[PDB]
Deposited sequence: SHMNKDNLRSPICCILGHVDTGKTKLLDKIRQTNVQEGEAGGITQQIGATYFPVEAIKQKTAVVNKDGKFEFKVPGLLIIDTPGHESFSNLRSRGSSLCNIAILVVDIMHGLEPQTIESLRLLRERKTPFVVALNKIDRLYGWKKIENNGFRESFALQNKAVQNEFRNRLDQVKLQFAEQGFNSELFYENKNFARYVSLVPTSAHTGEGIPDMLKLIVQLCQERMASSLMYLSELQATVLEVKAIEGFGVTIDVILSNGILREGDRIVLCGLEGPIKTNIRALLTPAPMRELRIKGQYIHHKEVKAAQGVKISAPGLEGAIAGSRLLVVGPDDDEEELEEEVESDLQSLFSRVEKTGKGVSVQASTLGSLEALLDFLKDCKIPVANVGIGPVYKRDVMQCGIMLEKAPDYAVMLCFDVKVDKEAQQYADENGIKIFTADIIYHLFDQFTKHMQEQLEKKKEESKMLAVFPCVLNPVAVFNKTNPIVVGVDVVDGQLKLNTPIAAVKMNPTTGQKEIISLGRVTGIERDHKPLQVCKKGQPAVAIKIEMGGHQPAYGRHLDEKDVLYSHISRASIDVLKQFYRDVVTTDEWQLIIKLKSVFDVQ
């Protein structure tokens, strides 16, 4: 239908990855009426081109276009998600993930999927390589449904089978998917678009779907507007122009000489546009209009942050207010730290990658104490260092797609700071959890050593005076367990101070040559072997049979029992613990 002023500016979409073949098949045209533009970091398709490439799925012409063009960003990475999520449409309105129908779902696609869901970016899936089905009769550049009706029962069955299998793969990952012309709810179901970059089959359906979804669901995003919308897509060093910035012009005009402000590493950048560059069939322009992928040459773009907004200062404008306004996003990222001061340190390459890392970590309930953009330096590493006292566990850095300075790494190694780096978030999660697992295992072993049960031992005999010590004792109170540290306690009458004598830990308990694990009170005497790595005091020289022996409990020891063994320990054992607190001078 037609509503009053229902026409919208051209939407932006990107493909992530069989990707390159697919983009190549899309760009393919016999026209040289048609017309397709190559832009900096992108490819523009005028409406006529789309009409042409969608005609076969639109025989009647009933589908109405309300956009002038489609802009497709072609980058090898996540550049279309460099800005903050709120502003995301400025870089991308909708994405496409490519999945080999022959080979099924793959890890990379799953990562992109999770990231896409996290950013709340709308997307569709191109189910590629359908010509590889056994018995596929291809019709070049035909609509999918059409070619599908022309197939034999066996190949229709093969397609249905492989489709059910891929759907099952999506399901096993927590994604609901449906063939696009069978999708009842786009909000809850991923759309599947069968494609063939080889034969061009499915592609018209796919373009028409992109445009349709953008027109019917994102019209609010795409409305003509008065203000400038320009976003830094990339930062690229170019010979003859130094460090340039690649900008996506969503809306409005840019001119040579314009005063511009943007987010920099060390703070707001104020500069002038030396040159507006487009790819050679580089050609300079006095000005550019949306929708445009444009390169910008200007002094002082070193340390420009990808994902930053581009702001042009008019004569009647406050430059400083615009600086604040453009640094505000990055600042809103910086303010995302725990007030407790306990947490890990993160570093990310762009605004959006940082926001994504922070959103993910927050969702994983992992505390962050320090955040930053760009390469890692010693200073960052020290701020992390504070963690070592504050929280030993959290003294690690999660670094996404960012270089690590030699001295930073050196200081880190010297001080026990772990710097984890990855070009994918979930791997940073992996390294972190591995680290925490190690720390816990360490803690559980230290706890095991400290799990001392209470006992009092009365010596009946001495069999080996030392190295190891072997004594026949009577368990008069509590229970003696293996690995119990044993101490004697002697009071000097003159000094009035106690002399604690540690004997080591019980490695063997035996009655009449029979092995025993424990010996409770009242049970007959036992011979116990107490050995320690350190030199062990001789019974004859510093000891007497007369001297009584107690389980060497510690305040640390007592704490461990309360924390984990409360279910296990008895009441009389607790009383004995208190008495022993008295004997070992413990508060």
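- Missing from the model relative to the deposited sequence are positions 18 to 21, 37 to 39, 289 to 297 (no C-alpha coordinates, numbering from 1).
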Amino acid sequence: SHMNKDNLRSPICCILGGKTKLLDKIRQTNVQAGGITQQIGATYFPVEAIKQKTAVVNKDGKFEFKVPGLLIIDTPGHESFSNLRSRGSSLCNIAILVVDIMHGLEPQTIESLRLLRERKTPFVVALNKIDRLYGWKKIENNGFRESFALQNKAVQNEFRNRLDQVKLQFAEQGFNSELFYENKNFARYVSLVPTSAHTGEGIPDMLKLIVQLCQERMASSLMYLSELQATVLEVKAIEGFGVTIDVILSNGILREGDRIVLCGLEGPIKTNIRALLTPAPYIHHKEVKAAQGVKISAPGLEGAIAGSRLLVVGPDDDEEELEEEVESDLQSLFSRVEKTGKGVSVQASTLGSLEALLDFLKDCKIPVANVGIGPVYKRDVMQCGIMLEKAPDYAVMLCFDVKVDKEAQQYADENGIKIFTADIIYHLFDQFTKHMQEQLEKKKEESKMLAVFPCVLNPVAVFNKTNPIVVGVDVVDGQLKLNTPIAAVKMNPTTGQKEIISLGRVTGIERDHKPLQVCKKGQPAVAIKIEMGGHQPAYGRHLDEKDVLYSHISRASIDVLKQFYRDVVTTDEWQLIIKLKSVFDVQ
From here on, numbers count along this sequence of modelled residues.
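- Mean CA B-factor, 222 to 230 versus 68 to 76: the higher value falls on 222 to 230.
- For the two regions 312 to 320 and 256 to 264, the entry's Cα B-factors average higher over 312 to 320.
- Of the candidates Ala275, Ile469, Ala487, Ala369, the one whose C-alpha carries the top B factor in the deposited record is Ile469.
- Note on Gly143, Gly307, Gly293, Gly374: the highest value goes to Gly143, judged by CA B factor as recorded.
- In the PDB entry, a CA B factor belonging to the middle third of its chain's modelled residues is recorded for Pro46.
- Annotation for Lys579: CA B-factor lies in the lowest third of the chain's modelled residues.
- For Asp567, the recorded CA B-factor ranks within the highest third of the chain. Only modelled residues enter the ranking.
- Ranked within its chain, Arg9 lands in the middle third, by CA B factor from the PDB record.
- Ranked by Cα temperature factor within the chain, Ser502 sits in the highest third according to the deposited record.
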